[PDB]
């Protein structure tokens, strides 16, 4: 006969002991563990709510790969990717480039907690977490690899995070700050609670439904399988946050949460938002980016925060207002600067798309629509050269994204500048500037792509020079995803 899990599970995490040949602070250096003056004994109250053991893991995860790799192999000769909507192809090329190496890099973020957390249950769940992200990095390399012969773009599944292309820099800036350069407890909060529980878990659910709506069952099955791993390791921040709140550290806990939710949101509104509102074909749009946010992300945070004895972040009302704006800016930025990304952006501003936009966001045509009006006229009138840039946009020193916001009849673009130790910094929001001022030595001598251009680091110091600096050449440089087909509706 076999025991029941519950009868022996606790012994798997009864692993703390009182070191004697080295000190506690040597074995758990505070810069790696982040125990924050809370004792080993108080950290042992950590109790993960989703439990699992080694033999259950290897059996359940073996069956996941069997299923996902079988689907991929059965569908591979059909070549769906060669007849997919090109907004869909672009969605995948963006996804793989931005995420595959960061999933893999996460495994190290998990390894940080596995070694350095004082909470023994955290150390073992993060060992499974480390295994999960090893899987995610690998499978998200093996899948796009099937397409390398289809186009170079697919090489960016591996190459992107090794470049200085500006979207890659924004990705590392986010990930290195949440998960690679922080103590174990901070990683549990900032990555697993704020970002994985808070955004990516629901983002992968939507992405899998979108892939099946587009007729891509390989990718639907891939994303869907990866999503089922999330909660096993995403759960790790909740218990760390309860311990910090019970032991007189609610302010520190609050501050980590505030920073991580804001920084998550800026990356998410730049890369997911435009996908939902512009790349997915009109008749496949279940809901708007803003609707997705209100239904599946925002209430969930409020409920988590409430259950944890924490508050809504100071910027919550601004954040709500930004749902009508931020991603419309990042889309227009990426489309207008399209040769600077490694996928083809879909404009998404046909007459029917613009009426959808107007229903979903009253005022869009009066604001966003104005810039697209000018761009559309130039394309109708054979001046395509006025639809690509001859300078760099200003970049935020925190999120490393363009500083952009409402244009047209309700102009509202602002720069949250900061002078600090003799240098002038630019920030795209009040919260971005605040992440910097609460912790200036974490960010001070970082330079964004604009900083580098201005300092002489990009040579030749011109647009062709900046493209080479970003590893971008013709064949990978982006262009309009439908080859300007939608311009016909305007003549």
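Residue numbers count along the first chain shown, from 1.
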*Would you tell me which stretch averages the higher CA B-factor in the PDB entry, 144-152 or 103-111?*
144-152
*For the stretches 160-168 and 266-274, which has the higher mean C-alpha B-factor as given in the deposited record?*
266-274
*Just grab whichever of 78, 132, 344, 196 has the top CA B-factor as deposited.*
78
*Per the coordinate record, which of the options 92, 186, 399, 205 holds the highest CA temperature factor?*
205
*Would you check the entry's CA temperature factor for residue 120 and let me know if it's in the chain's lowest, middle or highest third?*
lowest
*Going by the entry, which third of its chain does the Cα temperature factor of residue 127 land in?*
lowest
*What third of its chain, lowest, middle or highest, does the C-alpha temperature factor of residue 24 fall into?*
middle
_Entry-reported Cα temperature factor of residue 415, expressed as the chain third it lands in_ = middle
_Entry-reported Cα temperature factor of residue 233, expressed as the chain third it lands in_ = lowest
